[PDB]
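Asks: Chains as they are written, first to last, in the authors' numbering: chain W, 926 to 1022; chain B, 4 to 229; chain E, 7 to 228; chain R, 679 to 734; chain V, 731 to 876; chain D, 792 to 904; chain Y, 585 to 682; chain S, 2 to 95.
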DNA sequence: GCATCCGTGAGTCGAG
Ligand SMILES: [Mg+2]
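#1: Would you report the Cα separation of residue 761 of chain V and residue 784 of chain V, rounded to the nearest angstrom?
#2: Say the cut is 7 angstroms; is the CB of residue 842 of chain D nearer than that to a heavy atom of ligand 1?
#3: Please classify residue 29 of chain E as buried or exposed, where buried requires at least 16 neighbouring CB atoms within 10 angstroms.
#4: Which residues in the same chain as residue 641 of chain Y place their Cβ atom closer than 8 angstroms to its Cβ, once the five residues preceding and following it in sequence are excluded?
#5: Where does residue 140 of chain B fall in DSSP's three states?
#6: Report the option in E:132, E:225, E:184 and E:164 whose CA atom is closest to the CA atom of residue 62 of chain E.
#7: Can you list, in chain order, the stretches of the beta strand (DSSP E) that have 3 or more residues and sit fully within the region 40-64 of chain S?
#8: Got a sec: is the Cβ-Cβ distance from residue 723 of chain R to anything in chain V below 8 angstroms?
#9: Is any non-hydrogen atom of ligand 1 found closer than 7 angstroms to the C-beta of residue 168 of chain E, if you look at the structure I gave you?
#10: Who does residue 26 of chain E pair with in a DSSP beta bridge?
#11: So, residue 181 of chain B versus residue 21 of chain B, is the Cβ gap smaller than 8 angstroms?
#12: Does the beta carbon of residue 214 of chain B fall short of 7 angstroms from some heavy atom of ligand 1?
#13: Can you list the residues of chain B that residue 663 of chain Y reaches, using a CB-CB cut of under 9 angstroms?
#14: Run through DSSP, which three-state label would residue 223 of chain E get?
#15: Counting only runs that start and end within the region 102-134 of chain E, where is the beta strand (DSSP E) found for 3 or more residues in a row?
#16: Quick one, which of W:930, W:927, W:963 and W:978 has its alpha-carbon nearest residue 944 of chain W's?
#17: If you measure from the beta carbon of residue 81 of chain E to each beta carbon in chain W, is any gap under 8 angstroms?
#18: Sort out for me which residues DSSP pairs residue 996 of chain W with in a bridge.
#19: Quick check on the DSSP output: the beta strand (DSSP E) that includes residue 783 of chain V runs from which residue to which?
#20: Counting along the chain, where does the beta strand (DSSP E) carrying residue 820 of chain D start and finish?
#21: Use the C-beta contact count for residue 703 of chain R: other C-beta atoms within 10 angstroms, 16 or more gives buried, fewer gives exposed.
#22: List, in order along the chain, the chain R residues whose C-beta lies closer than 9 angstroms to that of residue 188 of chain E?
#23: Can you give the Cα-Cα distance for residue 77 of chain B and residue 890 of chain D, rounded to whole angstroms?
#24: Output yes or no for whether 8 angstroms exceeds the beta carbon distance between residue 144 of chain B and residue 54 of chain B.
#25: Return the CA-CA distance between residue 44 of chain E and residue 663 of chain Y, expressed in angstroms with no decimal places.
#26: So, with DSSP's three-state summary, where would you put residue 21 of chain E?
#27: Give a yes or no on whether the minimum CB-CB distance between residue 790 of chain V and chain Y is below 8 angstroms.
#28: Going by beta carbon distance, what residues of the same chain come within less than 8 angstroms of residue 652 of chain Y, once the five residues before and after it are set aside?
#29: Whose C-alpha, out of D:827, D:841 and D:846, is nearest the C-alpha of residue 835 of chain D?
#30: Using beta carbons (cut-off 8 angstroms, strictly below), is residue 149 of chain B in contact with chain W?
#31: Can you find a heavy atom of ligand 1 that lies under 7 angstroms from the Cβ of residue 815 of chain D?
#32: Could you tell me whether any Cβ in chain B is nearer than 8 angstroms to the Cβ of residue 927 of chain W?
#33: In this structure, how does DSSP classify residue 830 of chain V when only helix, strand and coil are distinguished?
#34: If I'm right that residue 680 of chain R touches residue 750 of chain V with Cβ under 8 angstroms, what's the distance once you round it to whole angstroms?
#35: Could you compute how far the alpha carbon of residue 793 of chain D sits from the alpha carbon of residue 74 of chain B?
This is the structure in structure tokens:
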């Protein structure tokens, strides 16, 4: 937030609405300043988040952060399969597996 | 009661960044104008990207060059970061040549200079070379839109050319602030600020203008009912 | 290619508008702004304030009339008024009647260039000896302004009314995926608009798109 | 040959499956609702799309 | 020639070649068995004047849904230095094919806490929820999982 | 969307006149959704302050942020004057439009929960 | 880190020394002993599961390295730390049922 | 759901009888090339192509649509199989 | 009438 303040920007109109709903949720202390409240939410790991489709915010403050995530060995590329007709089995004449 | 055309302010730092203010605007127009532009900016703004690469003595991306520290994979990954501006708008394709060797750290500035082509980040590290290490390549650069994966375009100038993923969009980031404003009689007016970062190939401003043109052009499509 | 605009209409009060194909994402890019605009900046007429002779406030109950003041002001909110004079910014409508009669919007004294779209709108039921004398202010405005926000009074004992300006009663939009040849990512925009009849869904839309286009010209000169 | 496949092929395939349904099955098939019929919608990509309401 | 294009002189696909389903990796001919040409085969063969070849096509092709760039070949023949193949085996060829796999729908992701899930939708950056400074999120995890 | 707010600022104060209640609210004495007694009966500031002719108006109000979907209010629907949230109205509408039968739709839903 | 260590994936320096050569294919190091050791790097080698095992040089020519210093990274390690996934910016919220 | 499914179930004493009737009818349509249909030109099930709207190829869709009209008669022992097949081959040759 | 022996069972699909 500090950088933002220095860059010459104040609380966005939307951050105010989210802060409203927030103090309605008992998340921030009423009467405290917008910056103080946004910080109060940040300490809870929540941030004001903007829906990229609308531009409107998410009604509540939301948990955002860095998570470590792995791509596991199971990929559709390996697993996707289909068959019309194909190899049958010696004795049973039923399709192979 | 009817509002009148707002003041349009422009604050620029070089070709990289811009801030664009519009005030005042009727309540709600902060995002009504802000968002569709952000979307268009992030998506539909034409730029330039490296489409293909040809390394002398390299058959495919999974190769490795003697004398060079970087595998062809990492090299391509670096060329992916090359931002090249075309001065002449009639020009839709370029081929940069780079021939280097000996104990040097190659950068984007080591490309043989071409007319009407400016490398916005000549400081960009490309490959680290060693004694006897020779790196000689031809990298093709195209103008295009959005994100087109190597698999899609499959662009090869020659037999051993390696198609590269093209992130065309010159726009790195877009934000917009909507702040409170008044004309004293009216409260709840909102001022809009579009903060726009770029690679430098096009300019936050140029970007913006292209975005608006795209949007209005789209509004045109509502012309002929049926 | 050039997207194809398509229209389905029911009277003057409802419309569906389809635009396809659009590049990926553009469905909501167009859809959202137009909706915000269509719900706020479309020019219409509302009832801003009301004075009832004997009545002193909103929650008072009229003797000889069934519906309490509140119900009455609500019915008023439902009054659809059309200014034929492009320059007309407001009007006062007077209505007086009595005895065993049910008062309808047509009983408002004819005024200047003014259309009452819903003449059959019920206002109040009056019994024997029941008297109704009232003046209601109709203003040209946009969007929705709660009573306490405009706070207009012609005279004392007038009660201010929540102002439903927007002739657009509802807007819904839906974007769904569309295939054009090899392209499966395309956007198809469906836009549904409900109007009170004063403007037309198509009219409303065009006014909206226009507002937007004009707003796009603001990025002209620093 | 996968490279020999034109787009009119796909368009034809869209014509082929029209109106038709296919069976989806997940194991264990505990009750008869472990198999259900759906009219398929051809999609790019390699995974099958399943309706949220039938997951249960 | 379209089918044989990327095959070197010996019949093995050339290093660097991009191969897709159906493509030939290593060409191979087998000797046709005891042949019972059907009367139809005889009338047909007669109509075109061509002769039925001695050898069937048994070449190794890329299986359905597989493929990539040819990064390696190995070739071992009977009676060349240092190599001996199981009895009866004349030669053995190995083709190593590589692929650079991007993340896609159906692929599986997890974290170290047991949260695992398949990728259901890849959203264009402008639809991604984002911070006031315009930085979009990378991943969206449903809280109902916790 | 179908849940309703319960705020404690009001804390069950009693009033003779609704106007008193509203002024109090605007002073920040009483919260919008608080259970309060006016005249005799138990009511809320929002229901009095906001009385909507039709659901379309309630929702137009929500659109403009005059109220939230979970604020309790007064809406006139199908001839009756209801005390509910715009949200619950919206739900009833969803069902209604979905089954293209409004009267049945109204029967099925439990609106008060 | 110790995991990348005990499983031989990353390549390390035997004794205090100085990097002589650095290539995509190999790393040559001159130690205190004066002896010149050459370390070949495994490059794009396939594994039982088909995942690529390759090492990449993590040092530069003329660099001073102590005994036990990292000369190369295994598959899935970053500067000698085990790297199984990526760090992404994540938001915990429902999203349109996707 | 299938259009008018509830009505279709309404028409029969057993859902499986519905299924049989529909399947058989579809077989008839296929066999005689749809030219035996009880649907009029404006009721003909349609299909979207690049070219335009063409007859829906799907005979079961047709069959159910026809069933909705009531133009079709079903039951057991209506007519000997010989007579049926042959009269249909006379009325709509293949 | 109870002890005790033998014989027969003990999820599905997938990959491999
Ligand atoms: Mg009020």
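Beta carbons are placed, not taken as given, at the ideal position from N, Cα and C, and that holds for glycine.
Replies: Looking at the coordinates:
#1: 6 angstroms
#2: yes
#3: buried
#4: 606, 607, 608, 611, 625, 655 and 656
#5: strand
#6: E:164
#7: 47-49 and 54-56
#8: yes
#9: yes
#10: E:10
#11: no
#12: no
#13: Near residue 663 of chain Y there are no residues of chain B at all, since even the closest Cβ is about 15 angstroms away, more than 9 angstroms.
#14: helix
#15: 107-110, 120-122 and 128-132
#16: W:963
#17: no
#18: V:839
#19: Per DSSP, residue 783 of chain V belongs to no beta strand (DSSP E) and is neither H nor E.
#20: Unbroken run through residue 820 of chain D: none, as it is neither H nor E.
#21: exposed
#22: 685 and 688
#23: 58 angstroms
#24: yes
#25: 56 angstroms
#26: strand
#27: no
#28: 596 and 597
#29: D:827
#30: no
#31: no
#32: no
#33: coil
#34: 5 angstroms
#35: 58 angstroms
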